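Letters go in sequence order (proteins before strands), and every chain restarts at 1.
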Amino acid sequence: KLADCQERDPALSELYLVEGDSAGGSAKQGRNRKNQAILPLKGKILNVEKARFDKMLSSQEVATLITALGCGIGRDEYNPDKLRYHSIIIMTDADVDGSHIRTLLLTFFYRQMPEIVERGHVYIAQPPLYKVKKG
Amino acid sequence: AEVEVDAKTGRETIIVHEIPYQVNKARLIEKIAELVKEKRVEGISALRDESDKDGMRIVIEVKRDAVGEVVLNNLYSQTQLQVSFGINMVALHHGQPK
DNA sequence: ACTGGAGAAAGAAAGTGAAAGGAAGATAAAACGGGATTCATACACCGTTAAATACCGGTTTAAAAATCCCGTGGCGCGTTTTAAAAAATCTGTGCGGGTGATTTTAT
DNA sequence: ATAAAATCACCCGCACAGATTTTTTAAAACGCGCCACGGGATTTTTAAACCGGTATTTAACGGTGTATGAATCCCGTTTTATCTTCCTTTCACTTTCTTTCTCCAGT
């Protein structure tokens with residue numbers, strides 16, 4: 001499901017996370033293929049604060065996200081120097097469910113990969129909600 | 001499609017601007033890659049897509065000891081760069097096929 | 001005492017989840033081979049001359065060419081095998097309206 | 001119980017690319033036979049060495065002005081060493097089917 005870019009230098013690359021396939025296609029049709037990548041998701045994600053480690057590992061969306069990031073997991077082989085994109089952007093819908101998904105993703109990133117947040121590789125996008133036209 | 005020749009190095013590439021009617025681009029790229037992988041077509045080194053808001057653009061690069069026209073003809077013969085369309089005009093007239 | 005139905009025991013055959021391992025794949029590190037520069041340095045081209053070699057006239061002689069008899073194996077013919085290439089026959093697949101169905105998360 | 005996001009099978013015609021499957025054809029082979037060819041023993045002739053001498057033809061030598069060979073720096077190519085894997089296999093376990101042994105109510 002990944003639509004990778006063409007730039008090979010990780011310091012000049014970006015990654016976008018979207019909720020589903022419709023938004024994924026809409027973003028793919030209007031991106032810049034040179035240094036931008038798109039990775040779709042599937043609905044609401046698991047809450048790792050209330051779950052166990054084996055339950056988190058058995059999940060599919062989390063496994064796909066970990067594979068896309070390419071840093072490792074478990075804090076044993078987890079090397080924060082293997083990050084493949086130096087800019088991670090969260091872009092969900094403009095309603096409340098987007099806020100819920102954003103909170104879930106922030107919880108995951110803070111609880112599992114603190115170094116990425118500490119170094120400053122996480123960003124938040126601000127899409128609009130309304131469009132008004134007069135004349 | 002056409003062939004462009006580098007002024008200095010002399011390397012030549014193939015640029016595709018348009019594709020036939022009712023053809024999927026992703027499947028075409030996958031078919032070309034599969035043909036290259038199994039060594040059924042010779043003389044291809046690189047393959048990528050660079051389509052943007054301006055228009056369609058597919059880039060194919062040839063090797064040092066190959067001729068672009070031969071590769072283009074082989075692609076015409078084996079891939080979906082050329083397709084056949086069968087015309088069959090049937091319609092209902094007074095409630096009857098004709 | 002005897003009969004026939006029914007439930008419980010016991011025994012044997014089939015399906016099962018887990019099993020080294022090995023050929024069969026797959027993926028990285030390494031050794032390789034083929035172009036762009038950079039000159040110093042050895043190589044290509046031009047006058048001079050002593051010397052080494054080609055050439056002619058007439059022998060000759062020993063060696064090679066020419067000739068005859070014969071007895072064989074190496075080509076030629078006819079008839080079979082056997083891979084190799086070509087023609088013929090099957091197998092998938094996608095286009096667009098229709099029929100009917102599946103799964104994961106939060107509170 | 002309300003919300004967020006997803007997935008698959010088949011039917012109907014038609015055109016073509018790719019994968020078996022017969023069918024034909026040219027090369028390789030075997031058995032038999034005969035005559036073309038080469039060995040051996042005489043005649044014959046001529047190619048080249050040898051003496052002259054003469055008349056050219058080449059190679060070594062001394063100046064100028066380049067074209068190239070070894071060295072350096074890279075990047076696509078191919079090898080080799082190194083990981084994971086699905087079918088074969090048994091095998092102890094479990095399950096499920098078939099026969100037997102009583103109970104036992106009724107008359």
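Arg48(B) and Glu61(B) are joined by a salt bridge, as a carboxylate oxygen and a charged side-chain nitrogen come within less than 4.0 angstrom of each other. Taking a cutoff of 4.0 Å between a charged side-chain nitrogen and a carboxylate oxygen, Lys42(A) and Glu61(A) do not qualify as a salt bridge.
On the basis of its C1'-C2'-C3'-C4' angle being negative, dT45(D) carries a south sugar. Going by the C1'-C2'-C3'-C4' torsion, the sugar of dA101(C) sits on the north side, since that angle is positive. The furanose ring of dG25(C) falls on the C3'-endo (north) side of the pseudorotation cycle, as its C1'-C2'-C3'-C4' torsion is above zero. The torsion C1'-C2'-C3'-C4' is the criterion here, and for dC12(D) it is positive, giving a north pucker. Using the sign of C1'-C2'-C3'-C4' as the criterion, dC86(D) is classed as south-puckered.
The list of side-chain hydrogen bond (donor to acceptor under 3.5 Å, both in side chains) pairs with a residue in residues 4-29 of chain B, not counting sequence neighbours, reads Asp6(B)-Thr9(B), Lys25(B)-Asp49(B).
Residues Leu47(B) and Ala33(B) come closest through the heavy atom pair CD2-N, 4.4 Å. Scanning all heavy atoms of the two residues, the minimum distance from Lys55(A) to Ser58(A) falls at O-OG, 2.7 Å.
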Grab the N/O contacts between the protein and nucleotides 32-37 of chain C below 3.5 Å, and write none if there aren't any.
none

What are the atom names and distances for every N/O pair under 3.5 Å that joins the protein to nucleotides 73-79 of chain D?
none

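The structure places CE of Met113(A) at 6.5 Å from CD1 of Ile88(A), a figure rounded to the nearest 0.5 Å. Taking CD1 of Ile73(A) as the start and CZ of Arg75(A) as the end, the distance is 8.5 Å to the nearest 0.5 Å. Interatomic distance, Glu115(A) CD to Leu83(A) CG, rounded to the nearest 0.5 Å: 11.5 Å.
Cluster membership check: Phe53(A) does not share its hydrophobic cluster with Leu46(A), using side-chain heavy-atom separations under 4.5 Å among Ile, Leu, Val, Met, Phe, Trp and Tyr. If you chain together hydrophobic residues whose side chains sit under 4.5 Å apart, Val62(B) and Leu81(B) never meet in one group. Residue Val48(A) is grouped with residue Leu69(A) when hydrophobic side chains (ILVMFWY) are merged at heavy-atom distances under 4.5 angstrom, including chains of intermediate members. In this structure, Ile32(B) is not a member of the same hydrophobic cluster as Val83(B), with clusters built from ILVMFWY side-chain heavy atoms closer than 4.5 Å.
Residue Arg40(B) places at least one side-chain N or O closer than 4.0 Å to OP1 or OP2 of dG18(D).
Annotation: proximity of residues 8-21 of chain A to DNA chain D (heavy atom, distance under 4.0 Å) is found for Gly20(A), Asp21(A), numbered in ascending order. Residues of residues 75-88 of chain B having a heavy atom closer than 4.0 Å to DNA chain C: none are found.
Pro80(A) has its side chain within reach of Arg119(A): a pair of non-hydrogen atoms, C-beta onward, lies under 4.5 Å apart.
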Side chains of residues 97-109 of chain A: which donor-acceptor pairs under 3.5 Å do they make with residues two or more places apart or in other chains?
{"unit_1": "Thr103(A)", "atom_1": "OG1", "unit_2": "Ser99(A)", "atom_2": "O", "d": "3.3"}
{"unit_1": "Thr103(A)", "atom_1": "OG1", "unit_2": "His100(A)", "atom_2": "O", "d": "2.4"}
{"unit_1": "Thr107(A)", "atom_1": "OG1", "unit_2": "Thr103(A)", "atom_2": "O", "d": "2.9"}

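In this structure, the CG atom of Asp97(A) is 14 Å from the P atom of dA6(D), given to the nearest Å. The CG atom of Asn24(B) sits 11 Å away from the P atom of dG94(C) (whole-angstrom rounding). Whole-Å rounding puts the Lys31(B) NZ to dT93(C) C1' distance at 11 Å.
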Taking it one step at a time, do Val41(B) and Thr79(B) satisfy side chain to side chain contact (heavy atoms under 4.5 Å, CB included)? CA-CA 11 Å; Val41(B) 180; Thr79(B) 58; over 6 Å; no

Which dot-bracket notation, 5' to 3', represents the base pairing of DNA chain C when pairs are defined as Watson-Crick or G-U with both distances under 3.5 Å, crossing pairs as [ ], and inter-strand pairs as |? ||||||||||||||||||.|||||||.||||.||||||||.||||||||||||||||||||||||||||||||||||||||||||||||||||||||||..|..|||

Letter by letter from the 5' end, nucleotides 101-107 of chain C scores (B base, S sugar-phosphate only, - none; protein heavy atoms under 4.0 Å) --BBSSS

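In this entry the base of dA29(C) is anti relative to its sugar, with a glycosidic angle more than 90° from 0.
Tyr130(A) shares a hydrophobic cluster with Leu129(A); the chain of contacts runs through ILVMFWY side chains whose heavy atoms sit under 4.5 Å apart. Other residues sharing a hydrophobic cluster with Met91(A) under the 4.5 Å side-chain heavy-atom criterion for ILVMFWY residues are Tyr16(A), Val18(A), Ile38(A), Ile89(A), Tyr123(A). Hydrophobic cluster of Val70(B): the remaining members, joined at side-chain heavy-atom separations below 4.5 Å, are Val67(B), listed by chain and number.
Scored by the side-chain hydrogen bond (donor to acceptor under 3.5 Å, both in side chains) test, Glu7(A) finds no partners at all (sequence neighbours excluded).
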